[PDB]
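Asks: One structure, as structure tokens, below. Some questions next.
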Protein chains: 2
Amino acid sequence: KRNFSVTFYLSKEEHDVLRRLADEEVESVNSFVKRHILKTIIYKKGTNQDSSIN
Amino acid sequence: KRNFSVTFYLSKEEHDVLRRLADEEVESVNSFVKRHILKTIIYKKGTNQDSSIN
């Protein structure tokens, strides 16, 4: 198996907006950003699905 | 100002789709993802400075 990483930089206030929006539901900014990107691209997709986490 | 960083993982197919969608305009996939998040979260940011040099 393989994985395809993503890594970048942001402003103080931008990262703090992501931190607040994460902490409101899921206090893990990296997991929240991955979820944000996935949901904003597509929702209830048919290409693949899962029922567990790392 | 200081800078704040974000790191996570994607699957082969979703990263390859985002690589194609990036390559259509700005092939730097992590910059394309940064731009996607920024455009979704905010559209009237107060200032947009840069600090690059020769």
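Labels for the structure tokens follow display order: chains A, B, ..., residues from 1 in each chain, ligands from 1.
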Can you tell me which residues surround residue 46 (chain B) at a distance of at most 12 Å, considering only C-alpha atoms, apart from same-chain residues fewer than 4 positions away, and format the answer as a PDB file with N, CA, C and O atoms, in the first residue's frame?
Replies:
ATOM      1  N   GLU A  13      -3.785  34.285  11.469  1.00  0.00           N
ATOM      2  CA  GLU A  13      -5.239  34.426  11.592  1.00  0.00           C
ATOM      3  C   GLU A  13      -5.989  33.353  10.791  1.00  0.00           C
ATOM      4  O   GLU A  13      -6.984  32.811  11.261  1.00  0.00           O
ATOM      5  N   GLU A  14      -5.490  33.001   9.601  1.00  0.00           N
ATOM      6  CA  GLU A  14      -6.037  31.915   8.778  1.00  0.00           C
ATOM      7  C   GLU A  14      -5.942  30.561   9.500  1.00  0.00           C
ATOM      8  O   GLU A  14      -6.937  29.842   9.618  1.00  0.00           O
TER       9      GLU A  14
ATOM     10  N   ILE B  42     -12.336  32.467   2.818  1.00  0.00           N
ATOM     11  CA  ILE B  42     -12.273  33.938   2.773  1.00  0.00           C
ATOM     12  C   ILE B  42     -12.110  34.471   1.332  1.00  0.00           C
ATOM     13  O   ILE B  42     -11.401  33.894   0.509  1.00  0.00           O
TER      14      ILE B  42
END
Asks: Residues of chain A were defined as contacting chain B if any atom lay at most 7 Å from it, counting only C-alpha atoms; please report them as a list in words.
Replies: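 Residues of chain A within 7 Å of chain B, counting only C-alpha atoms: residues 3, 4, 5, 6, 7, 8, 9, 10, 11, 12, 15, 30 and 34 of chain A.
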Asks: Please superimpose chain B upon chain A, fitting all C-alpha atoms matched one to one in order, and report the result as an mmCIF file with N, CA and C atoms, in the first residue's frame.
Replies:
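See out.cif below for the written result:
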data_model
loop_
_atom_site.group_PDB
_atom_site.id
_atom_site.type_symbol
_atom_site.label_atom_id
_atom_site.label_comp_id
_atom_site.auth_asym_id
_atom_site.auth_seq_id
_atom_site.Cartn_x
_atom_site.Cartn_y
_atom_site.Cartn_z
ATOM 1 N N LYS B 1 -6.169 0.408 -1.775
ATOM 2 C CA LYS B 1 -5.518 1.439 -2.645
ATOM 3 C C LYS B 1 -4.399 2.185 -1.896
ATOM 4 N N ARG B 2 -3.413 2.722 -2.635
ATOM 5 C CA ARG B 2 -2.382 3.662 -2.126
ATOM 6 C C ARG B 2 -2.991 4.997 -1.656
ATOM 7 N N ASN B 3 -2.185 5.812 -0.975
ATOM 8 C CA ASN B 3 -2.547 7.125 -0.439
ATOM 9 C C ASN B 3 -1.541 8.191 -0.906
ATOM 10 N N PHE B 4 -2.031 9.423 -1.012
ATOM 11 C CA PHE B 4 -1.340 10.587 -1.581
ATOM 12 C C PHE B 4 -1.417 11.771 -0.616
ATOM 13 N N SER B 5 -0.324 12.512 -0.434
ATOM 14 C CA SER B 5 -0.191 13.454 0.688
ATOM 15 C C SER B 5 -0.070 14.914 0.234
ATOM 16 N N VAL B 6 -0.424 15.841 1.128
ATOM 17 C CA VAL B 6 -0.458 17.289 0.873
ATOM 18 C C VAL B 6 0.110 18.026 2.089
ATOM 19 N N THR B 7 1.068 18.932 1.863
ATOM 20 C CA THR B 7 1.753 19.713 2.913
ATOM 21 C C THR B 7 2.014 21.159 2.465
ATOM 22 N N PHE B 8 1.759 22.134 3.343
ATOM 23 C CA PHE B 8 1.948 23.578 3.095
ATOM 24 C C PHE B 8 1.960 24.383 4.414
ATOM 25 N N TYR B 9 1.972 25.717 4.316
ATOM 26 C CA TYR B 9 2.014 26.643 5.454
ATOM 27 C C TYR B 9 0.898 27.693 5.412
ATOM 28 N N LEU B 10 0.473 28.116 6.602
ATOM 29 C CA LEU B 10 -0.458 29.211 6.866
ATOM 30 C C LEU B 10 0.176 30.231 7.822
ATOM 31 N N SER B 11 -0.422 31.415 7.845
ATOM 32 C CA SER B 11 -0.108 32.485 8.801
ATOM 33 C C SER B 11 -0.757 32.226 10.167
ATOM 34 N N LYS B 12 -0.231 32.872 11.220
ATOM 35 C CA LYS B 12 -0.686 32.690 12.614
ATOM 36 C C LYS B 12 -2.197 32.881 12.770
ATOM 37 N N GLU B 13 -2.716 33.983 12.223
ATOM 38 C CA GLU B 13 -4.122 34.377 12.380
ATOM 39 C C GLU B 13 -5.075 33.478 11.582
ATOM 40 N N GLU B 14 -4.762 33.161 10.317
ATOM 41 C CA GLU B 14 -5.638 32.305 9.502
ATOM 42 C C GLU B 14 -5.661 30.853 10.010
ATOM 43 N N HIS B 15 -4.520 30.326 10.485
ATOM 44 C CA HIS B 15 -4.484 29.016 11.144
ATOM 45 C C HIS B 15 -5.267 29.025 12.465
ATOM 46 N N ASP B 16 -5.124 30.056 13.308
ATOM 47 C CA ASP B 16 -5.898 30.196 14.552
ATOM 48 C C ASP B 16 -7.421 30.300 14.318
ATOM 49 N N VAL B 17 -7.860 31.044 13.294
ATOM 50 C CA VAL B 17 -9.270 31.078 12.866
ATOM 51 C C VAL B 17 -9.742 29.686 12.441
ATOM 52 N N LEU B 18 -8.995 28.982 11.583
ATOM 53 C CA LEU B 18 -9.347 27.610 11.200
ATOM 54 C C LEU B 18 -9.301 26.626 12.380
ATOM 55 N N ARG B 19 -8.419 26.820 13.369
ATOM 56 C CA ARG B 19 -8.409 26.055 14.626
ATOM 57 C C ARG B 19 -9.688 26.271 15.431
ATOM 58 N N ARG B 20 -10.187 27.506 15.559
ATOM 59 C CA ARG B 20 -11.473 27.803 16.226
ATOM 60 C C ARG B 20 -12.662 27.167 15.490
ATOM 61 N N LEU B 21 -12.723 27.351 14.169
ATOM 62 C CA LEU B 21 -13.750 26.754 13.302
ATOM 63 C C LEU B 21 -13.725 25.212 13.338
ATOM 64 N N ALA B 22 -12.539 24.600 13.432
ATOM 65 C CA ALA B 22 -12.380 23.170 13.679
ATOM 66 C C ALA B 22 -12.857 22.778 15.090
ATOM 67 N N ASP B 23 -12.351 23.425 16.145
ATOM 68 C CA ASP B 23 -12.694 23.170 17.555
ATOM 69 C C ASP B 23 -14.203 23.258 17.866
ATOM 70 N N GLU B 24 -14.958 24.052 17.099
ATOM 71 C CA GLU B 24 -16.427 24.080 17.137
ATOM 72 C C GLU B 24 -17.108 22.705 16.892
ATOM 73 N N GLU B 25 -16.467 21.761 16.182
ATOM 74 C CA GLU B 25 -17.062 20.460 15.799
ATOM 75 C C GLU B 25 -16.089 19.258 15.838
ATOM 76 N N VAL B 26 -14.878 19.416 15.292
ATOM 77 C CA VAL B 26 -13.823 18.396 15.117
ATOM 78 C C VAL B 26 -12.441 19.062 15.223
ATOM 79 N N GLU B 27 -11.907 19.167 16.446
ATOM 80 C CA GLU B 27 -10.721 19.981 16.792
ATOM 81 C C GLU B 27 -9.408 19.671 16.038
ATOM 82 N N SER B 28 -9.312 18.517 15.369
ATOM 83 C CA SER B 28 -8.191 18.130 14.499
ATOM 84 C C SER B 28 -8.106 19.023 13.245
ATOM 85 N N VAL B 29 -7.331 20.116 13.316
ATOM 86 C CA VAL B 29 -7.316 21.204 12.308
ATOM 87 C C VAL B 29 -6.972 20.713 10.898
ATOM 88 N N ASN B 30 -5.980 19.830 10.753
ATOM 89 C CA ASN B 30 -5.622 19.255 9.450
ATOM 90 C C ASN B 30 -6.731 18.349 8.872
ATOM 91 N N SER B 31 -7.460 17.607 9.714
ATOM 92 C CA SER B 31 -8.653 16.851 9.303
ATOM 93 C C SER B 31 -9.805 17.779 8.906
ATOM 94 N N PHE B 32 -10.038 18.864 9.651
ATOM 95 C CA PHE B 32 -11.004 19.908 9.288
ATOM 96 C C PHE B 32 -10.693 20.547 7.921
ATOM 97 N N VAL B 33 -9.423 20.868 7.643
ATOM 98 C CA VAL B 33 -8.977 21.357 6.322
ATOM 99 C C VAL B 33 -9.178 20.301 5.224
ATOM 100 N N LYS B 34 -8.793 19.036 5.456
ATOM 101 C CA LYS B 34 -9.074 17.913 4.537
ATOM 102 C C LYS B 34 -10.568 17.826 4.190
ATOM 103 N N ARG B 35 -11.440 17.856 5.206
ATOM 104 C CA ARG B 35 -12.913 17.827 5.074
ATOM 105 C C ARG B 35 -13.451 19.025 4.286
ATOM 106 N N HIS B 36 -12.943 20.235 4.543
ATOM 107 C CA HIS B 36 -13.261 21.454 3.777
ATOM 108 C C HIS B 36 -12.969 21.296 2.281
ATOM 109 N N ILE B 37 -11.782 20.788 1.945
ATOM 110 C CA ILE B 37 -11.365 20.575 0.552
ATOM 111 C C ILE B 37 -12.236 19.505 -0.110
ATOM 112 N N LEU B 38 -12.402 18.341 0.534
ATOM 113 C CA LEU B 38 -13.260 17.260 0.037
ATOM 114 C C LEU B 38 -14.681 17.762 -0.248
ATOM 115 N N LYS B 39 -15.351 18.377 0.739
ATOM 116 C CA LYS B 39 -16.731 18.883 0.615
ATOM 117 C C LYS B 39 -16.900 19.894 -0.529
ATOM 118 N N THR B 40 -15.890 20.736 -0.761
ATOM 119 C CA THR B 40 -15.881 21.709 -1.869
ATOM 120 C C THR B 40 -15.697 21.030 -3.235
ATOM 121 N N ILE B 41 -14.770 20.071 -3.342
ATOM 122 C CA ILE B 41 -14.397 19.412 -4.605
ATOM 123 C C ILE B 41 -15.417 18.340 -5.044
ATOM 124 N N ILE B 42 -16.005 17.585 -4.108
ATOM 125 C CA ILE B 42 -16.863 16.420 -4.387
ATOM 126 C C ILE B 42 -17.901 16.179 -3.267
ATOM 127 N N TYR B 43 -19.114 15.753 -3.646
ATOM 128 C CA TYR B 43 -20.235 15.537 -2.708
ATOM 129 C C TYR B 43 -20.996 14.206 -2.924
ATOM 130 N N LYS B 44 -20.524 13.353 -3.852
ATOM 131 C CA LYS B 44 -21.141 12.064 -4.232
ATOM 132 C C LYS B 44 -20.082 10.991 -4.567
ATOM 133 N N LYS B 45 -19.001 10.939 -3.772
ATOM 134 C CA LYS B 45 -17.897 9.962 -3.903
ATOM 135 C C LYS B 45 -18.428 8.516 -3.875
ATOM 136 N N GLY B 46 -17.912 7.660 -4.762
ATOM 137 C CA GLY B 46 -18.459 6.318 -5.019
ATOM 138 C C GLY B 46 -18.370 5.340 -3.838
ATOM 139 N N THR B 47 -17.264 5.375 -3.084
ATOM 140 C CA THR B 47 -16.989 4.459 -1.955
ATOM 141 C C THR B 47 -16.148 5.155 -0.870
ATOM 142 N N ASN B 48 -16.253 4.686 0.380
ATOM 143 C CA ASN B 48 -15.738 5.351 1.588
ATOM 144 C C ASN B 48 -15.165 4.350 2.625
ATOM 145 N N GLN B 49 -14.363 3.384 2.161
ATOM 146 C CA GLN B 49 -13.748 2.326 2.981
ATOM 147 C C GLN B 49 -12.852 2.858 4.125
ATOM 148 N N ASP B 50 -12.588 2.000 5.118
ATOM 149 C CA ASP B 50 -11.640 2.215 6.224
ATOM 150 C C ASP B 50 -10.843 0.928 6.533
ATOM 151 N N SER B 51 -9.695 1.074 7.206
ATOM 152 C CA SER B 51 -8.725 -0.012 7.464
ATOM 153 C C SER B 51 -8.120 -0.009 8.883
ATOM 154 N N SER B 52 -8.662 0.807 9.796
ATOM 155 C CA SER B 52 -8.231 0.877 11.204
ATOM 156 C C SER B 52 -8.458 -0.448 11.956
ATOM 157 N N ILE B 53 -7.600 -0.735 12.942
ATOM 158 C CA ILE B 53 -7.572 -1.975 13.740
ATOM 159 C C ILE B 53 -7.233 -1.710 15.223
ATOM 160 N N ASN B 54 -7.516 -2.695 16.088
ATOM 161 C CA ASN B 54 -7.230 -2.658 17.534
ATOM 162 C C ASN B 54 -5.714 -2.605 17.835
#
Asks: Run DSSP on the backbone and give me the residues of chain A it puts in strand (DSSP E), as a PDB file with C-alpha atoms, in the first residue's frame.
Replies:
ATOM      1  CA  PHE A   4       0.205  10.698  -1.164  1.00  0.00           C
ATOM      2  CA  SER A   5       1.179  13.512   1.251  1.00  0.00           C
ATOM      3  CA  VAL A   6       0.161  17.225   1.257  1.00  0.00           C
ATOM      4  CA  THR A   7       2.135  20.028   3.030  1.00  0.00           C
ATOM      5  CA  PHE A   8       1.845  23.891   2.918  1.00  0.00           C
ATOM      6  CA  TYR A   9       1.870  27.227   4.883  1.00  0.00           C
ATOM      7  CA  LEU A  10      -0.720  29.863   6.008  1.00  0.00           C
ATOM      8  CA  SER A  11      -1.085  33.164   7.953  1.00  0.00           C
TER       9      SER A  11
END
Asks: Taking only chain B into account, list the residues labelled alpha helix (DSSP H) by DSSP (computed from the backbone), as a PyMOL selection string.
Replies: chain B and resi 12-23+29-41
